[PDB]
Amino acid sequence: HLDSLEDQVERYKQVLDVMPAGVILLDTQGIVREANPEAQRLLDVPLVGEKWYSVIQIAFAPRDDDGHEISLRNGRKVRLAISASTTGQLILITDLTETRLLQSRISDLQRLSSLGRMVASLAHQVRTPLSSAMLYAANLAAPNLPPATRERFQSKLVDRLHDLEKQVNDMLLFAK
């Protein structure tokens, strides 16, 4: 059927409507002839019936921090995707506003986690001396050991207790 094509393109338009990505359909001249709701959302400016380059001097605000994405003047940070297509170019837009927003919060919290991350580290180190401390502690319960043998393990135990006390103090020094 020839009408089936109308129903086919109908299901296609259906995609662009609920598609979570901007779709700008330019023309040989360079005019926005079509824009889905996601495109109008991010740009938040008149799209259809405007000049692509003109839209760039309104909803776009380039910055140095911008790499793969481009900062919109409305605050959003989006990535552009230009592809080869005859009879107008296609431009797919993605919303990475949240992406960079989350990234701009890890750097700040990365320094705040320094002290905490140091304690977490010093805590993992304690597992080593403690492991050896429990072994030498069990040797104190071993059978048939001379008097000078009990003091040997005891002497080796205090070493672990000391090496362990210096790590906890190091940890229990970051405080208040």
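Quick note: we count residues from 1 along the sequence shown, nothing fancier.
S.K.: Which has the higher mean CA temperature factor in the PDB entry, 110-118 or 147-155?
M.R.: So the stretch with the higher mean C-alpha B-factor is 147-155.
S.K.: So which stretch wins on mean C-alpha B-factor, 84-92 or 97-105?
M.R.: Comparing averages over the C-alpha atoms only gives 84-92.
S.K.: By the entry's C-alpha temperature factors, tell me which of 58, 70, 31, 39 sits highest.
M.R.: Comparing C-alpha B-factors across 58, 70, 31, 39, the maximum falls on 31.
S.K.: Of the three thirds of its chain by CA temperature factor, lowest, middle or highest, which one includes residue 175?
M.R.: Middle third.
S.K.: How does residue 26 rank on Cα B-factor within its chain, lowest, middle or highest third?
M.R.: Residue 26: CA B-factor falls in the highest third of its chain.
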